[PDB]
file protein22.pdb (PDB, C-alpha atoms (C1' of nucleotides))
ATOM      1  CA  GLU A   9     -40.458  12.246  -3.381  1.00  0.00           C
ATOM      2  CA  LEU A  10     -39.498  13.658  -6.855  1.00  0.00           C
ATOM      3  CA  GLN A  11     -35.732  13.143  -6.126  1.00  0.00           C
ATOM      4  CA  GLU A  12     -34.179  14.766  -9.231  1.00  0.00           C
ATOM      5  CA  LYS A  13     -30.568  15.704 -10.102  1.00  0.00           C
ATOM      6  CA  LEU A  14     -28.245  16.650 -12.999  1.00  0.00           C
ATOM      7  CA  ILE A  15     -25.199  14.625 -14.135  1.00  0.00           C
ATOM      8  CA  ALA A  16     -23.234  17.150 -16.218  1.00  0.00           C
ATOM      9  CA  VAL A  17     -23.493  20.105 -18.635  1.00  0.00           C
ATOM     10  CA  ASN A  18     -21.581  20.509 -21.937  1.00  0.00           C
ATOM     11  CA  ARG A  19     -21.323  23.620 -24.150  1.00  0.00           C
ATOM     12  CA  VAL A  20     -21.580  22.984 -27.925  1.00  0.00           C
ATOM     13  CA  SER A  21     -21.257  25.025 -31.185  1.00  0.00           C
ATOM     14  CA  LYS A  22     -23.147  25.662 -34.463  1.00  0.00           C
ATOM     15  CA  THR A  23     -21.002  28.057 -36.580  1.00  0.00           C
ATOM     16  CA  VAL A  24     -23.566  29.803 -38.841  1.00  0.00           C
ATOM     17  CA  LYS A  25     -22.842  32.364 -41.659  1.00  0.00           C
ATOM     18  CA  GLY A  26     -22.421  35.230 -39.151  1.00  0.00           C
ATOM     19  CA  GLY A  27     -20.328  33.302 -36.620  1.00  0.00           C
ATOM     20  CA  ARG A  28     -20.199  30.857 -33.704  1.00  0.00           C
ATOM     21  CA  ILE A  29     -23.337  30.575 -31.517  1.00  0.00           C
ATOM     22  CA  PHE A  30     -23.015  28.322 -28.431  1.00  0.00           C
ATOM     23  CA  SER A  31     -25.913  26.236 -27.038  1.00  0.00           C
ATOM     24  CA  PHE A  32     -26.007  24.255 -23.752  1.00  0.00           C
ATOM     25  CA  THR A  33     -27.177  20.702 -22.922  1.00  0.00           C
ATOM     26  CA  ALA A  34     -27.676  19.293 -19.393  1.00  0.00           C
ATOM     27  CA  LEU A  35     -28.227  15.565 -18.720  1.00  0.00           C
ATOM     28  CA  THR A  36     -30.610  14.678 -15.838  1.00  0.00           C
ATOM     29  CA  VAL A  37     -31.957  11.446 -14.245  1.00  0.00           C
ATOM     30  CA  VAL A  38     -34.987  11.123 -11.886  1.00  0.00           C
ATOM     31  CA  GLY A  39     -36.687   8.499  -9.683  1.00  0.00           C
ATOM     32  CA  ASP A  40     -39.186   7.975  -6.820  1.00  0.00           C
ATOM     33  CA  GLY A  41     -36.786   6.051  -4.471  1.00  0.00           C
ATOM     34  CA  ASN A  42     -38.207   2.577  -5.280  1.00  0.00           C
ATOM     35  CA  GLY A  43     -38.018   1.788  -9.016  1.00  0.00           C
ATOM     36  CA  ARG A  44     -39.683   4.131 -11.575  1.00  0.00           C
ATOM     37  CA  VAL A  45     -36.414   5.180 -13.302  1.00  0.00           C
ATOM     38  CA  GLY A  46     -36.458   8.011 -15.903  1.00  0.00           C
ATOM     39  CA  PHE A  47     -34.184  10.549 -17.647  1.00  0.00           C
ATOM     40  CA  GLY A  48     -33.999  13.521 -20.053  1.00  0.00           C
ATOM     41  CA  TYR A  49     -31.417  15.378 -22.187  1.00  0.00           C
ATOM     42  CA  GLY A  50     -32.810  18.347 -24.226  1.00  0.00           C
ATOM     43  CA  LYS A  51     -31.040  21.553 -25.302  1.00  0.00           C
ATOM     44  CA  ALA A  52     -31.222  25.371 -25.025  1.00  0.00           C
ATOM     45  CA  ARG A  53     -29.237  28.606 -25.566  1.00  0.00           C
ATOM     46  CA  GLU A  54     -29.031  29.118 -21.742  1.00  0.00           C
ATOM     47  CA  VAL A  55     -27.973  26.888 -18.810  1.00  0.00           C
ATOM     48  CA  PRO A  56     -31.228  27.351 -16.768  1.00  0.00           C
ATOM     49  CA  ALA A  57     -33.274  26.838 -19.998  1.00  0.00           C
ATOM     50  CA  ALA A  58     -31.597  23.490 -20.869  1.00  0.00           C
ATOM     51  CA  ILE A  59     -31.822  21.999 -17.330  1.00  0.00           C
ATOM     52  CA  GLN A  60     -35.587  22.808 -17.229  1.00  0.00           C
ATOM     53  CA  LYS A  61     -36.329  20.807 -20.424  1.00  0.00           C
ATOM     54  CA  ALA A  62     -34.130  17.934 -19.126  1.00  0.00           C
ATOM     55  CA  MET A  63     -36.164  17.664 -15.888  1.00  0.00           C
ATOM     56  CA  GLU A  64     -39.419  18.192 -17.882  1.00  0.00           C
ATOM     57  CA  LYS A  65     -38.645  15.304 -20.297  1.00  0.00           C
ATOM     58  CA  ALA A  66     -37.535  13.143 -17.307  1.00  0.00           C
ATOM     59  CA  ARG A  67     -41.158  13.010 -15.990  1.00  0.00           C
ATOM     60  CA  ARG A  68     -42.408  11.065 -19.044  1.00  0.00           C
ATOM     61  CA  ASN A  69     -40.847   7.762 -20.234  1.00  0.00           C
ATOM     62  CA  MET A  70     -40.645   6.233 -16.739  1.00  0.00           C
ATOM     63  CA  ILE A  71     -40.524   2.424 -16.217  1.00  0.00           C
ATOM     64  CA  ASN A  72     -40.374   0.116 -13.166  1.00  0.00           C
ATOM     65  CA  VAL A  73     -37.166  -1.656 -12.084  1.00  0.00           C
ATOM     66  CA  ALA A  74     -37.626  -4.676  -9.788  1.00  0.00           C
ATOM     67  CA  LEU A  75     -35.486  -4.826  -6.593  1.00  0.00           C
ATOM     68  CA  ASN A  76     -35.218  -7.178  -3.577  1.00  0.00           C
ATOM     69  CA  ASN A  77     -35.463  -5.057  -0.374  1.00  0.00           C
ATOM     70  CA  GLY A  78     -32.858  -2.330  -1.243  1.00  0.00           C
ATOM     71  CA  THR A  79     -30.644  -4.385  -3.623  1.00  0.00           C
ATOM     72  CA  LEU A  80     -30.678  -5.900  -7.118  1.00  0.00           C
ATOM     73  CA  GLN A  81     -32.203  -9.340  -7.675  1.00  0.00           C
ATOM     74  CA  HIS A  82     -29.172 -10.518  -9.709  1.00  0.00           C
ATOM     75  CA  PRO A  83     -26.096  -9.309 -11.672  1.00  0.00           C
ATOM     76  CA  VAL A  84     -27.066  -8.010 -15.149  1.00  0.00           C
ATOM     77  CA  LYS A  85     -25.066  -6.905 -18.235  1.00  0.00           C
ATOM     78  CA  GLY A  86     -26.246  -3.924 -20.323  1.00  0.00           C
ATOM     79  CA  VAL A  87     -24.811  -2.036 -23.326  1.00  0.00           C
ATOM     80  CA  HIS A  88     -25.722   1.154 -25.229  1.00  0.00           C
ATOM     81  CA  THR A  89     -24.034   2.698 -28.307  1.00  0.00           C
ATOM     82  CA  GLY A  90     -20.297   2.158 -27.414  1.00  0.00           C
ATOM     83  CA  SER A  91     -20.641   1.815 -23.604  1.00  0.00           C
ATOM     84  CA  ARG A  92     -20.647  -1.489 -21.661  1.00  0.00           C
ATOM     85  CA  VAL A  93     -22.100  -1.680 -18.124  1.00  0.00           C
ATOM     86  CA  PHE A  94     -21.796  -4.544 -15.599  1.00  0.00           C
ATOM     87  CA  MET A  95     -23.279  -4.650 -12.075  1.00  0.00           C
ATOM     88  CA  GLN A  96     -23.326  -6.970  -9.020  1.00  0.00           C
ATOM     89  CA  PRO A  97     -25.999  -7.033  -6.236  1.00  0.00           C
ATOM     90  CA  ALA A  98     -23.637  -7.289  -3.201  1.00  0.00           C
ATOM     91  CA  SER A  99     -26.279  -7.352  -0.424  1.00  0.00           C
ATOM     92  CA  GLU A 100     -25.966  -4.319   1.952  1.00  0.00           C
ATOM     93  CA  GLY A 101     -22.260  -4.028   1.000  1.00  0.00           C
ATOM     94  CA  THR A 102     -20.331  -0.729   1.393  1.00  0.00           C
ATOM     95  CA  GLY A 103     -22.746   0.854  -1.061  1.00  0.00           C
ATOM     96  CA  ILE A 104     -23.652   3.471  -3.709  1.00  0.00           C
ATOM     97  CA  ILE A 105     -19.886   3.642  -4.474  1.00  0.00           C
ATOM     98  CA  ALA A 106     -19.485   4.856  -8.083  1.00  0.00           C
ATOM     99  CA  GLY A 107     -18.253   7.732 -10.255  1.00  0.00           C
ATOM    100  CA  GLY A 108     -20.320  10.449 -11.944  1.00  0.00           C
ATOM    101  CA  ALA A 109     -22.597   9.575 -14.871  1.00  0.00           C
ATOM    102  CA  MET A 110     -24.302   6.385 -13.519  1.00  0.00           C
ATOM    103  CA  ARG A 111     -24.098   7.795  -9.929  1.00  0.00           C
ATOM    104  CA  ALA A 112     -27.437   9.611 -10.423  1.00  0.00           C
ATOM    105  CA  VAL A 113     -29.428   6.700 -11.937  1.00  0.00           C
ATOM    106  CA  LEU A 114     -28.513   4.186  -9.163  1.00  0.00           C
ATOM    107  CA  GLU A 115     -29.211   6.401  -6.090  1.00  0.00           C
ATOM    108  CA  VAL A 116     -32.565   7.743  -7.432  1.00  0.00           C
ATOM    109  CA  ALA A 117     -33.686   4.226  -8.542  1.00  0.00           C
ATOM    110  CA  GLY A 118     -33.439   3.090  -4.878  1.00  0.00           C
ATOM    111  CA  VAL A 119     -30.196   1.046  -4.765  1.00  0.00           C
ATOM    112  CA  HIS A 120     -27.875   2.005  -1.850  1.00  0.00           C
ATOM    113  CA  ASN A 121     -25.508  -1.000  -2.287  1.00  0.00           C
ATOM    114  CA  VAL A 122     -24.777  -2.265  -5.865  1.00  0.00           C
ATOM    115  CA  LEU A 123     -21.351  -1.844  -7.514  1.00  0.00           C
ATOM    116  CA  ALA A 124     -21.016  -0.541 -11.103  1.00  0.00           C
ATOM    117  CA  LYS A 125     -17.556  -0.461 -12.813  1.00  0.00           C
ATOM    118  CA  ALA A 126     -18.661   0.704 -16.290  1.00  0.00           C
ATOM    119  CA  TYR A 127     -16.322  -0.649 -19.024  1.00  0.00           C
ATOM    120  CA  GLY A 128     -15.814   0.500 -22.638  1.00  0.00           C
ATOM    121  CA  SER A 129     -16.834   4.081 -23.449  1.00  0.00           C
ATOM    122  CA  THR A 130     -17.380   6.322 -20.386  1.00  0.00           C
ATOM    123  CA  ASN A 131     -19.288   9.132 -22.192  1.00  0.00           C
ATOM    124  CA  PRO A 132     -21.839  10.787 -19.789  1.00  0.00           C
ATOM    125  CA  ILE A 133     -24.776  10.479 -22.260  1.00  0.00           C
ATOM    126  CA  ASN A 134     -23.917   6.923 -23.496  1.00  0.00           C
ATOM    127  CA  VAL A 135     -23.114   5.540 -19.980  1.00  0.00           C
ATOM    128  CA  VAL A 136     -26.660   6.605 -18.974  1.00  0.00           C
ATOM    129  CA  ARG A 137     -29.373   4.540 -20.802  1.00  0.00           C
ATOM    130  CA  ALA A 138     -27.055   1.490 -20.536  1.00  0.00           C
ATOM    131  CA  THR A 139     -28.374   1.397 -16.940  1.00  0.00           C
ATOM    132  CA  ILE A 140     -32.074   1.892 -17.913  1.00  0.00           C
ATOM    133  CA  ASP A 141     -31.733  -0.745 -20.697  1.00  0.00           C
ATOM    134  CA  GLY A 142     -29.741  -2.991 -18.305  1.00  0.00           C
ATOM    135  CA  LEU A 143     -32.394  -2.459 -15.575  1.00  0.00           C
ATOM    136  CA  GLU A 144     -35.404  -2.901 -17.954  1.00  0.00           C
ATOM    137  CA  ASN A 145     -34.096  -6.244 -19.336  1.00  0.00           C
ATOM    138  CA  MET A 146     -33.583  -7.389 -15.704  1.00  0.00           C
ATOM    139  CA  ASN A 147     -36.497  -9.613 -14.562  1.00  0.00           C
ATOM    140  CA  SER A 148     -38.069 -10.324 -11.144  1.00  0.00           C
ATOM    141  CA  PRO A 149     -38.108 -13.721  -9.314  1.00  0.00           C
ATOM    142  CA  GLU A 150     -41.727 -13.195  -8.121  1.00  0.00           C
ATOM    143  CA  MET A 151     -43.209 -12.168 -11.546  1.00  0.00           C
ATOM    144  CA  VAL A 152     -41.127 -14.655 -13.633  1.00  0.00           C
ATOM    145  CA  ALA A 153     -43.329 -17.276 -11.828  1.00  0.00           C
ATOM    146  CA  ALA A 154     -45.220 -17.347 -15.178  1.00  0.00           C
ATOM    147  CA  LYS A 155     -42.319 -19.222 -16.863  1.00  0.00           C
ATOM    148  CA  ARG A 156     -40.731 -20.454 -13.585  1.00  0.00           C
ATOM    149  CA  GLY A 157     -42.272 -23.229 -11.436  1.00  0.00           C
ATOM    150  CA  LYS A 158     -44.899 -25.030 -13.549  1.00  0.00           C
TER     151      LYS A 158
ATOM    152  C1'   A B   1     -17.721 -17.724  12.960  1.00  0.00           C
ATOM    153  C1'   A B   2     -12.937 -17.744   8.516  1.00  0.00           C
ATOM    154  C1'   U B   3      -9.423 -15.168   0.682  1.00  0.00           C
ATOM    155  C1'   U B   4     -18.403 -11.417   0.940  1.00  0.00           C
ATOM    156  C1'   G B   5     -16.365  -7.471  -3.082  1.00  0.00           C
ATOM    157  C1'   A B   6     -15.459  -4.010  -8.742  1.00  0.00           C
ATOM    158  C1'   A B   7     -15.712   4.576  -9.274  1.00  0.00           C
ATOM    159  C1'   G B   8     -13.465   7.666 -12.391  1.00  0.00           C
ATOM    160  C1'   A B   9     -11.519  12.413 -14.311  1.00  0.00           C
ATOM    161  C1'   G B  10      -8.632  15.378 -17.959  1.00  0.00           C
ATOM    162  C1'   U B  11      -6.805  15.988 -23.238  1.00  0.00           C
ATOM    163  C1'   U B  12      -7.605  15.412 -30.675  1.00  0.00           C
ATOM    164  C1'   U B  13     -12.533  19.079 -33.058  1.00  0.00           C
ATOM    165  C1'   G B  14     -15.659  25.204 -34.709  1.00  0.00           C
ATOM    166  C1'   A B  15     -18.648  21.571 -31.902  1.00  0.00           C
ATOM    167  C1'   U B  16     -19.957  15.914 -31.636  1.00  0.00           C
ATOM    168  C1'   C B  17     -19.594  10.359 -31.167  1.00  0.00           C
ATOM    169  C1'   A B  18     -16.089   6.215 -31.573  1.00  0.00           C
ATOM    170  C1'   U B  19     -10.990   4.571 -31.833  1.00  0.00           C
ATOM    171  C1'   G B  20      -6.601   5.426 -29.275  1.00  0.00           C
ATOM    172  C1'   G B  21      -2.114   7.035 -26.590  1.00  0.00           C
ATOM    173  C1'   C B  22      -0.452  10.155 -22.766  1.00  0.00           C
ATOM    174  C1'   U B  23      -1.522  12.226 -17.943  1.00  0.00           C
ATOM    175  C1'   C B  24      -3.877  12.482 -12.726  1.00  0.00           C
ATOM    176  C1'   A B  25      -6.799  10.929  -8.098  1.00  0.00           C
ATOM    177  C1'   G B  26      -5.336   5.211  -4.645  1.00  0.00           C
ATOM    178  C1'   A B  27      -2.182   1.921  -1.942  1.00  0.00           C
ATOM    179  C1'   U B  28       2.661   0.693  -1.120  1.00  0.00           C
ATOM    180  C1'   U B  29       8.645   1.187   0.011  1.00  0.00           C
ATOM    181  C1'   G B  30      14.818  -1.832   3.623  1.00  0.00           C
ATOM    182  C1'   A B  31      14.119   4.829   0.667  1.00  0.00           C
ATOM    183  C1'   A B  32      16.423   9.521  -0.269  1.00  0.00           C
ATOM    184  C1'   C B  33      16.398  14.790  -0.698  1.00  0.00           C
ATOM    185  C1'   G B  34      13.911  19.880   0.759  1.00  0.00           C
ATOM    186  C1'   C B  35      11.513  22.335   5.105  1.00  0.00           C
ATOM    187  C1'   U B  36      10.215  21.571   9.978  1.00  0.00           C
ATOM    188  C1'   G B  37      10.549  18.802  14.567  1.00  0.00           C
ATOM    189  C1'   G B  38       7.880  17.065  21.638  1.00  0.00           C
ATOM    190  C1'   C B  39       7.656  12.200  23.956  1.00  0.00           C
ATOM    191  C1'   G B  40       6.849   6.958  23.949  1.00  0.00           C
ATOM    192  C1'   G B  41       6.221   1.607  22.088  1.00  0.00           C
ATOM    193  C1'   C B  42       7.347  -1.954  18.451  1.00  0.00           C
ATOM    194  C1'   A B  43       9.813  -3.171  14.029  1.00  0.00           C
ATOM    195  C1'   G B  44      13.450  -1.676  10.404  1.00  0.00           C
ATOM    196  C1'   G B  45      18.491   0.119   9.210  1.00  0.00           C
ATOM    197  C1'   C B  46      25.048  -0.470   3.124  1.00  0.00           C
ATOM    198  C1'   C B  47      19.454  -1.872  -1.875  1.00  0.00           C
ATOM    199  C1'   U B  48      25.944   0.838  -4.944  1.00  0.00           C
ATOM    200  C1'   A B  49      32.215  -1.537  -4.498  1.00  0.00           C
ATOM    201  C1'   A B  50      31.439  -9.924  -4.016  1.00  0.00           C
ATOM    202  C1'   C B  51      36.127  -2.833  -3.424  1.00  0.00           C
ATOM    203  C1'   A B  52      39.847  -3.167   0.095  1.00  0.00           C
ATOM    204  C1'   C B  53      40.980  -2.951   5.323  1.00  0.00           C
ATOM    205  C1'   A B  54      43.757  -0.480  11.073  1.00  0.00           C
ATOM    206  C1'   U B  55      42.752  -2.349  15.963  1.00  0.00           C
ATOM    207  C1'   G B  56      40.043  -5.374  19.918  1.00  0.00           C
ATOM    208  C1'   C B  57      36.786  -9.166  20.170  1.00  0.00           C
ATOM    209  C1'   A B  58      33.625 -13.158  17.146  1.00  0.00           C
ATOM    210  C1'   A B  59      35.390 -20.900  20.211  1.00  0.00           C
ATOM    211  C1'   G B  60      37.188 -22.905  23.165  1.00  0.00           C
ATOM    212  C1'   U B  61      36.786 -26.461  27.065  1.00  0.00           C
ATOM    213  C1'   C B  62      37.906 -30.975  30.333  1.00  0.00           C
ATOM    214  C1'   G B  63      43.314 -32.313  36.266  1.00  0.00           C
ATOM    215  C1'   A B  64      36.945 -36.973  36.802  1.00  0.00           C
ATOM    216  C1'   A B  65      42.540 -39.266  30.085  1.00  0.00           C
ATOM    217  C1'   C B  66      47.956 -38.401  31.428  1.00  0.00           C
ATOM    218  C1'   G B  67      53.260 -36.768  32.880  1.00  0.00           C
ATOM    219  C1'   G B  68      53.349 -32.262  35.593  1.00  0.00           C
ATOM    220  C1'   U B  69      54.983 -26.823  38.935  1.00  0.00           C
ATOM    221  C1'   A B  70      55.438 -22.328  34.723  1.00  0.00           C
ATOM    222  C1'   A B  71      51.989 -18.565  37.252  1.00  0.00           C
ATOM    223  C1'   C B  72      49.281 -16.508  42.490  1.00  0.00           C
ATOM    224  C1'   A B  73      45.811 -18.338  46.550  1.00  0.00           C
ATOM    225  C1'   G B  74      46.410 -20.716  50.691  1.00  0.00           C
ATOM    226  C1'   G B  75      48.565 -24.358  54.147  1.00  0.00           C
ATOM    227  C1'   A B  76      53.167 -26.408  55.891  1.00  0.00           C
ATOM    228  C1'   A B  77      58.606 -26.055  56.986  1.00  0.00           C
ATOM    229  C1'   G B  78      62.888 -22.962  57.419  1.00  0.00           C
ATOM    230  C1'   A B  79      65.750 -18.544  57.662  1.00  0.00           C
ATOM    231  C1'   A B  80      65.577 -13.298  59.263  1.00  0.00           C
ATOM    232  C1'   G B  81      64.174  -7.232  60.117  1.00  0.00           C
TER     233        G B  81
END
call {"tool": "encode", "arguments": {"input": "protein22.pdb", "output": "structure tokens"}}
result
Amino acid sequence: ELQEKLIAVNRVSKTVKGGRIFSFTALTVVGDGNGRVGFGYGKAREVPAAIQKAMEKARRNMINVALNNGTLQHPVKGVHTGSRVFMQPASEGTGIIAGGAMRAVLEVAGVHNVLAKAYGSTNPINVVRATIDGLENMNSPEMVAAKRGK
RNA sequence: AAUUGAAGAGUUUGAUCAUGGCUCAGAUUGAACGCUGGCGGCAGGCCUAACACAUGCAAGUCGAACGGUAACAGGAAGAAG
């Protein structure tokens, strides 16, 4: 049920007095298959060290996303840093058809149908979080019955 | 029952995030060239010189408009081997 996966890994540099020392950072997103979306970045001097902290941080900071059946309740716009993310429900249509960075967050959230097409900046670390912000701000037709109806 | 569907990647820097061009994955064509090549069905086939042309053919048809025997097909009459 853990359903965890990595998006991408990127080598970086420091350049201290002695010379260049290269660290590694692996982005990861996790989910239970029905809502409960979460993610983690982290860093380390090794590849297996950095991925471990990413999956470790992905356990905490997990929030529910509301879905109808196996689809979104409505289309929702979301932005983060310099990235701009749109999505459409498209009920049982073709499905989970999207490029890397945003592929992980949709499939692990539970959606096997919605279309992405992420505009603006397509940076792996900025394109993620635009989903979680765009899925957190999304509200549910059953639980908006507080404002709706009466 | 009927225009119900939306992907990204690479590259500036010691490394990073924007901005921003270039490049690639797709489909398509009245196509060509390179290499190769079994059959069938359907469709397509001078996109440049509206440059110029050999030869045949590409529009004739009515004797039930009319005077007519020029053809060969008979019939009729005549003259002969």
call {"tool": "interface_residues", "arguments": {"input": "protein22.pdb", "of": "chain A", "to": "chain B", "cutoff": "6 Å", "atoms": "only C-alpha atoms (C1' of nucleotides)", "output": "list in words"}}
result
residues 20, 21, 106, 107 and 125 of chain A
call {"tool": "residues_around", "arguments": {"input": "protein22.pdb", "residues": "residue A:134", "least_positions_apart": "5", "cutoff": "8 Å", "atoms": "only C-alpha atoms (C1' of nucleotides)", "output": "number ranges by chain"}}
result
A: 88-91, 129
call {"tool": "write_last_selection", "arguments": {"input": "protein22.pdb", "atoms": "C-alpha atoms", "output": "compact mmCIF listing (two decimals), in the frame of the given file"}}
result
# COMPACT_ATOMS: atom_id res chain seq x y z
CA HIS A 88 -25.72 1.15 -25.23
CA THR A 89 -24.03 2.70 -28.31
CA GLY A 90 -20.30 2.16 -27.41
CA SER A 91 -20.64 1.82 -23.60
CA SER A 129 -16.83 4.08 -23.45
call {"tool": "axis_aligned_box", "arguments": {"input": "protein22.pdb", "around": "stretch 63-68 of chain B", "padding_each_side": "4 Å", "output": "JSON"}}
result
{"center_x": 45.1, "center_y": -35.8, "center_z": 33.4, "size_x": 24.4, "size_y": 15.0, "size_z": 14.7}
call {"tool": "atom_distance", "arguments": {"input": "protein22.pdb", "atom1": "atom CA of residue A:39", "atom2": "atom CA of residue A:12"}}
result
6.8 Å
call {"tool": "atom_distance", "arguments": {"input": "protein22.pdb", "atom1": "atom CA of residue A:63", "atom2": "atom CA of residue A:38"}}
result
7.8 Å
call {"tool": "residues_around", "arguments": {"input": "protein22.pdb", "residues": "residue A:109", "least_positions_apart": "5", "cutoff": "12 Å", "atoms": "all atoms listed in the file", "output": "JSON, numbers by chain"}}
result
{"A": [13, 14, 15, 16, 17, 34, 35, 36, 37, 47, 91, 93, 114, 115, 124, 125, 126, 129, 130, 131, 132, 133, 134, 135, 136, 137, 138, 139], "B": [7, 8, 9]}
call {"tool": "write_last_selection", "arguments": {"input": "protein22.pdb", "atoms": "C-alpha atoms (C1' of nucleotides)", "output": "PDB file, keeping the file's coordinate frame"}}
result
ATOM      1  CA  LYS A  13     -30.568  15.704 -10.102  1.00  0.00           C
ATOM      2  CA  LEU A  14     -28.245  16.650 -12.999  1.00  0.00           C
ATOM      3  CA  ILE A  15     -25.199  14.625 -14.135  1.00  0.00           C
ATOM      4  CA  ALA A  16     -23.234  17.150 -16.218  1.00  0.00           C
ATOM      5  CA  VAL A  17     -23.493  20.105 -18.635  1.00  0.00           C
ATOM      6  CA  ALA A  34     -27.676  19.293 -19.393  1.00  0.00           C
ATOM      7  CA  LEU A  35     -28.227  15.565 -18.720  1.00  0.00           C
ATOM      8  CA  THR A  36     -30.610  14.678 -15.838  1.00  0.00           C
ATOM      9  CA  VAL A  37     -31.957  11.446 -14.245  1.00  0.00           C
ATOM     10  CA  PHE A  47     -34.184  10.549 -17.647  1.00  0.00           C
ATOM     11  CA  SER A  91     -20.641   1.815 -23.604  1.00  0.00           C
ATOM     12  CA  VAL A  93     -22.100  -1.680 -18.124  1.00  0.00           C
ATOM     13  CA  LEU A 114     -28.513   4.186  -9.163  1.00  0.00           C
ATOM     14  CA  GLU A 115     -29.211   6.401  -6.090  1.00  0.00           C
ATOM     15  CA  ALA A 124     -21.016  -0.541 -11.103  1.00  0.00           C
ATOM     16  CA  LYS A 125     -17.556  -0.461 -12.813  1.00  0.00           C
ATOM     17  CA  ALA A 126     -18.661   0.704 -16.290  1.00  0.00           C
ATOM     18  CA  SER A 129     -16.834   4.081 -23.449  1.00  0.00           C
ATOM     19  CA  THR A 130     -17.380   6.322 -20.386  1.00  0.00           C
ATOM     20  CA  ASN A 131     -19.288   9.132 -22.192  1.00  0.00           C
ATOM     21  CA  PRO A 132     -21.839  10.787 -19.789  1.00  0.00           C
ATOM     22  CA  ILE A 133     -24.776  10.479 -22.260  1.00  0.00           C
ATOM     23  CA  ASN A 134     -23.917   6.923 -23.496  1.00  0.00           C
ATOM     24  CA  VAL A 135     -23.114   5.540 -19.980  1.00  0.00           C
ATOM     25  CA  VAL A 136     -26.660   6.605 -18.974  1.00  0.00           C
ATOM     26  CA  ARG A 137     -29.373   4.540 -20.802  1.00  0.00           C
ATOM     27  CA  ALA A 138     -27.055   1.490 -20.536  1.00  0.00           C
ATOM     28  CA  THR A 139     -28.374   1.397 -16.940  1.00  0.00           C
TER      29      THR A 139
ATOM     30  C1'   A B   7     -15.712   4.576  -9.274  1.00  0.00           C
ATOM     31  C1'   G B   8     -13.465   7.666 -12.391  1.00  0.00           C
ATOM     32  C1'   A B   9     -11.519  12.413 -14.311  1.00  0.00           C
TER      33        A B   9
END
call {"tool": "resolve_selection", "arguments": {"input": "protein22.pdb", "expression": "the PyMOL selection byres ((chain A and resi 101) around 8)", "output": "count of residues only"}}
result
8
call {"tool": "closest_residue", "arguments": {"input": "protein22.pdb", "among": "A:120, A:61, A:156, A:44", "to": "residue A:74", "atoms": "all atoms listed in the file"}}
result
A:44
